[PDB]
Amino acid sequence: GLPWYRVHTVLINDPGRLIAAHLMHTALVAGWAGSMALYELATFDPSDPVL
Amino acid sequence: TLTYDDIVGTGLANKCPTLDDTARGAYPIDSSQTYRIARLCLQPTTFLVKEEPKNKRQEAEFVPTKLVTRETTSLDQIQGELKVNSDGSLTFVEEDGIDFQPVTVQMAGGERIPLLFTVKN
Ligand code: CLA
Ligand code: CLA
Ligand code: CLA
Ligand code: CLA
Ligand code: CLA
Ligand SMILES: CC1=C(/C=C/C(C)=C/C=C/C(C)=C/C=C/C=C(C)/C=C/C=C(C)/C=C/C2=C(C)CCCC2(C)C)C(C)(C)CCC1
Ligand SMILES: CCCCCCCCCCCCO[C@@H]1O[C@H](CO)[C@@H](O[C@H]2O[C@H](CO)[C@@H](O)[C@H](O)[C@H]2O)[C@H](O)[C@H]1O
Ligand SMILES: CCCCCCCS[C@@H]1O[C@H](CO)[C@@H](O)[C@H](O)[C@H]1O
């Protein structure tokens with residue numbers, strides 16, 4: 001079968017599922033941005049922009 | 001000349017009475033007559049809280065806050081003596097009234113500041 005390091009090659013001739021995988025990647029990245037901002041807001045101390 | 005039912009729920013009960021722009025005269029004080037304040041009303045419009053800086057040598061400012069306990073803040077129905085002193089000055093001595101309100105305001109960032117807004121004694 002496909003070796004582990006080639007599993008994603010099944011996308012090469014499937015534009016639809018390639019677009020799906022790209023959508024999922026983009027979802028994951030937007031989700032990371034959202035999560036990261038929420039975490040920073042949960043930890044950020046705004047009381048002293050000087051020091 | 002409003003009634004309770006005119007007023008209830010409007011938020012007007014937390015507001016002090018007002019005087020027209022025409023009321024710019026003078027109330028004569030007879031030194032021999034005894035005086036009283038029959039009704040003193042105090043309607044807070046702004047609550048400022050002095051910040052607490054980190055370097056402790058920086059000038060600390062009073063900053064605006066958000067009232068979070070609604071229209072429950074005013075002092076009213078306060079009465080007391082109005083004395084006419086030797087030097088012509090007047091001195092109000094509070095004797096009774098709804099002369100306090102617990103108030104919670106909130107600072108930018110979420111910190112809540114409860115205070116006993118008051119003119120007791
Ligand atoms: C952007 C990320 C991404 C996307 C869009 C895809 C998409 C695809 N994968 Mg690939 N894959 C990925 C990452 C991704 N993969 C990663 C990181 C691994 C290593 C684990 C794999 C290993 C892998 C294998 C072995 C196979 C695929 C296959 C496929 C295809 C079928 C779907 C599937 O079975 O996924 C399965 C993938 C997963 C279930 C990913 C596991 C999730 C990881 C481990 C994190 C856990 C998620 C959780 C919410 C976070 C935990 C946080 C932590 C603090 C606990 C599809 C094209 C299949 C295929 O078509 O082969 C021909 C297939 O057999 N993938
Ligand atoms: C735009 C970025 C991009 C994309 C879309 C691809 C896509 C592909 N690569 Mg290529 N590649 C890239 C960049 C990219 N690569 C980079 C930067 C390197 C050097 C690191 C490589 C080195 C490389 C090799 C040596 C090979 C590929 C192969 C492939 C094909 C199969 C992938 C697969 O099934 O892995 C499956 C992977 C897993 C099941 C698990 C991988 C787990 C990784 C190692 C650790 C965890 C990664 C982590 C989740 C990443 C987070 C995001 C990151 C940006 C920080 C697929 C066309 C294969 C190929 O050509 O087959 C014909 C292949 O042999 N790539
Ligand atoms: C018709 C004009 C047109 C437009 C506007 C686009 C726009 C896009 N295409 Mg491209 N593409 C086109 C023609 C077009 N394409 C044609 C004719 C082909 C050959 C079939 C392709 C083949 C192609 C492939 C294989 C891929 C793209 C991808 C992309 C996206 C990459 C950026 C992204 O994901 O942002 C992030 C998205 C946003 C910030 C939100 C966008 C809001 C959406 C578009 C509203 C949805 C409206 C509509 C109903 C959905 C389909 C729109 C469609 C025209 C793209 C972007 C939306 C990539 C993609 O989809 O990755 C996820 C991708 O993998 N395109
Ligand atoms: C310009 C920005 C950029 C680019 C070009 C890519 C490119 C890629 N990302 Mg994405 N990603 C990005 C930003 C980007 N990312 C951001 C900002 C986030 C939020 C953190 C993500 C979150 C993300 C997730 C969750 C996943 C990807 C995956 C992928 C790969 C999908 C194609 C593939 O099969 O590769 C095959 C894999 C490789 C070619 C190996 C890449 C190895 C990287 C470069 C370093 C790995 C370091 C080390 C070995 C493991 C990490 C340490 C570990 C202890 C955690 C591709 C390389 C997917 C993937 O890797 O699938 C297996 C996947 O699951 N990305
Ligand atoms: C829908 C529109 C949209 C808008 C308005 C925003 C807005 C924002 N994003 Mg989000 N984001 C979006 C969609 C969007 N995003 C999507 C779809 C994803 C998933 C891919 C993300 C993933 C994401 C991450 C991971 C992060 C953000 C972050 C941010 C903030 C910083 C922006 C920044 O510095 O980018 C800078 C953008 C660039 C430097 C663009 C480089 C473009 C290259 C050079 C183009 C190369 C190819 C091009 C074709 C070359 C030819 C061009 C031609 C004109 C010559 C900002 C609030 C950051 C943040 O603050 O998170 C809380 C952050 O870390 N976003
Ligand atoms: C469904 C739905 C929804 C929801 C959504 C959500 C909720 C999402 C979330 C999302 C999310 C929440 C996401 C997240 C993501 C994340 C990520 C993607 C991450 C990654 C990471 C990584 C990749 C890392 C790595 C590393 C490590 C770990 C160590 C060091 C080095 C490195 C960095 C490499 C709504 C309602 C809106 C609407 C529609 C429907
Ligand atoms: C659809 C997904 C939406 C998910 C929403 C999740 C949002 C999470 C991030 C938003 C910001 C959270 O910000 C949150 O604020 C307060 C004040 O700083 C902090 O709360 C902390 O401080 C306050 C005030 O000193 C204490 O009363 C409290 O006991 C303490 O835990 C939280 O630790 C912080 O995490
Ligand atoms: C999707 C985001 C929805 C979550 C928003 C949480 C409220 S917002 C939150 O409020 C706190 C208290 O006032 C502040 O300490 C903090 O800085 C602020 O980020």
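Header entry for method reads X-ray crystallography, 2.2 Å.
Placed from the backbone N, Cα and C atoms, the Cβ positions cover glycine too.
Record features, source Swiss-Prot:
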TOPO_DOM  A:1-19  topological domain 'Cytoplasmic'
BINDING   A:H8  chlorophyll a 2 binding site
TRANSMEM  A:20-35  transmembrane segment
BINDING   A:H22  chlorophyll a 3 binding site
BINDING   A:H25  chlorophyll a 4 binding site
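On the backbone, the CA of the residue listed as 'chlorophyll a 2 binding site' and the CA of A:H22 (chlorophyll a 3 binding site) stand 12 Å apart. Taken in sequence order, the binding-site residues A:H8, A:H22, A:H25 that lie near ligand 3, meaning a CB under 6 Å from one of its atoms, are A:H22. In this structure, A:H8 are the binding-site residues from A:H8, A:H22, A:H25 whose C-beta falls under 6 Å of some atom of ligand 2.
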